[PDB]
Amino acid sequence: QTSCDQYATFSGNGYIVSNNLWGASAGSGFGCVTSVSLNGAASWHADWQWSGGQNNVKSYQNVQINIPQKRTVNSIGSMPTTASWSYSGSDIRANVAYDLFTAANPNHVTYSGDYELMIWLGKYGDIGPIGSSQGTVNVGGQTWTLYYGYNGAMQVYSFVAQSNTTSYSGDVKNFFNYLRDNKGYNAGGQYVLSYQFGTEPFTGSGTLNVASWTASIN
């Protein structure tokens, strides 16, 4: 179904589709989400139009999987995911990105953490991640530009693709393993709180169509 309410959600099987217009106050416009099918893989789209607050994210419309029981990164064997998506719109300044929070405390709220991992498959416009570039790295056979910074007490690692990766297959464990083995990330003590995929828009008009999305924690 469709809704434009700030915190609308639609649930089906193991997926939740959310409007999550948390930064609406920073600009003028709207955001709506439509959940098409949530049996097996997820199909949904996000629609929006925003002006003002040039460098402020307006929302993170997204799909995510349910994670009733939190587990440490090292305990998880694989975090496979596939994505098929395309953007349409005008003057788009937005990304297409996975977002995952982890914390040492398994009971931490699931909308923040000690760390945030982002994987940007798409990026339109001049925008960039929080923090500064740590150079390029190879993960799962694809090259990414790695960024690092702080959002309050939360450390944020964002891996950005070198082109718009509209058809993707990977394993998010490869990214956690890179941080564990190269940046001192304590995978043995951090629990995965969320596993989400969506878009952060700044300004413009756009529709993110997600034709297919899957993810799991195994």
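Sequential numbering from 1, following the sequence displayed.
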Seminar exercise, completed: Quick note on 23-31 and 54-62: per-entry mean CA temperature factor is higher in 23-31
Exercise. So which stretch wins on mean C-alpha B-factor, 95-103 or 137-145?
Worked result: 137-145
Problem set entry | C-alpha B-factor winner, where the candidates are 74, 112, 132, 82 | 112
Exercise. In the PDB entry, which of 69, 43, 177, 155 has its C-alpha at the highest B-factor?
Worked result: 69
For this session: Ordered by C-alpha B-factor within the chain, which third holds residue 37? Give me lowest, middle or highest, please.
Result: highest
Exercise. Residue 204: which third of its chain by C-alpha temperature factor?
Worked result: middle
Problem set entry | Within-chain third of residue 196 by Cα B-factor, per the entry | lowest
For this session: Could you tell me which third, lowest, middle or highest, the C-alpha B-factor of residue 162 occupies within its chain?
Result: middle
